[PDB]
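A.B. asks: I need the structure of the sequence given here:
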Amino acid sequence: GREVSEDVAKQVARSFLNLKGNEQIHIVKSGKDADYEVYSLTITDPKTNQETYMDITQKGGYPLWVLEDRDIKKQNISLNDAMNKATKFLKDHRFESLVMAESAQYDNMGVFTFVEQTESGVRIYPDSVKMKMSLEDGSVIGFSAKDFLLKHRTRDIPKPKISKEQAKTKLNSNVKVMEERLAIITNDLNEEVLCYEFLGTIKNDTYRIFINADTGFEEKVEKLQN
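C.D. replies: Numbering: from 1, shown residues only. Below you will find the coordinate block:
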């Protein structure tokens, strides 16, 4: 967890992005005015002149943020296949204990959000990792662990004041529940609140509904896509 030199930040990049070695890498260090100590990399393909931007923490050399500025011409794989590849990528690159929270297809890309899961399975939605995958080949083209790496902290999570059964009665009568877990989200005013999270369908549309674990009141209702 020490500092790393600009040569070390280079090798992190090669491994994370599966670079073979013909890529020139232009690296920049954050100034003294900077809020965060980060190495800004601009990796250039020689074959095409496609550019990739990657940020790594000056301390500990953590993959913080990635963007391959590339438009995807063809969809060869399903969104579901992309989902699996994203999950595998995270596990292969030391991002463990994440679970998928959001998925969408946009401009021949799969866009995914994963969130931290505690030891006992509580989903910490603020502690998130965002991924964008090419649907042409399943490659990673965007990545952000800024929320996960910086908002993360050891929390001591309180006990619910209402049971999961009581929480479930707080749902609307038309909801068909398929799954329930405990979760931490912000309320509308940016403070962390413990909730029962329900995944279900309301008239064929899929919804995630959060019920406050102390009051039983709604905290968030979200339509999911598919």
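A.B. asks: every contact and neighbour count from this point should use C-alpha atoms.
C.D. replies: Noted.
A.B. asks: just after the longest helix seen in the chain, pick out the following helix or strand.
C.D. replies: Longest helix of the chain, by residue count under DSSP state H: helix 79-92. For helix 79-92, the following helix or strand on the C-terminal side (DSSP states H and E) is strand 98-106.
A.B. asks: now do that following strand: which elements does it pack against?
C.D. replies: When contacts are defined as 3 or more Cα pairs under 8 Å, 6 or more residues apart in numbering; DSSP states H and E, strand 98-106 sits against helix 79-92, strand 109-117.
A.B. asks: which parts of the longest helix of the chain are buried?
C.D. replies: When burial is assessed from 16 or more other Cα atoms under 10 Å, helix 79-92 yields the following buried residues: 79, 82, 83, 86, 87, 89, 90.
A.B. asks: for the host helix or strand of residue 67, which outside residues touch it?
C.D. replies: Under DSSP H and E, the secondary-structure element containing residue 67 is strand 63-68. Residues external to strand 63-68 that are found in contact with it (Cα atoms under 8 Å, 6 or more residues apart in numbering): 12-13, 16, 50-57, 141-146, 149.
A.B. asks: can you lay out the helices and strands packed on strand 98-106 as a markdown table showing distance to residue 163?
C.D. replies: Written out in a markdown table, the entries for the helices and strands packed on strand 98-106 read as follows (distance: least, Cα to Cα, whole Å):
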| stretch | distance to residue 163 |
| --- | --- |
| helix 79-92 | 32 |
| strand 109-117 | 20 |
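A.B. asks: which residues touch the residue of the chain most remote from its centre?
C.D. replies: Relative to the C-alpha centroid of the chain, counting by Cα atoms, centre = their mean, residue 173 is the outermost residue, at 31.9 Å. Under the criterion of Cα under 8 Å, 6+ apart, residue 173 has no neighbours.
A.B. asks: what secondary structure does it sit in?
C.D. replies: Per DSSP: H, G, I helix; E, B strand; the rest coil, the local secondary structure of residue 173 is coil.
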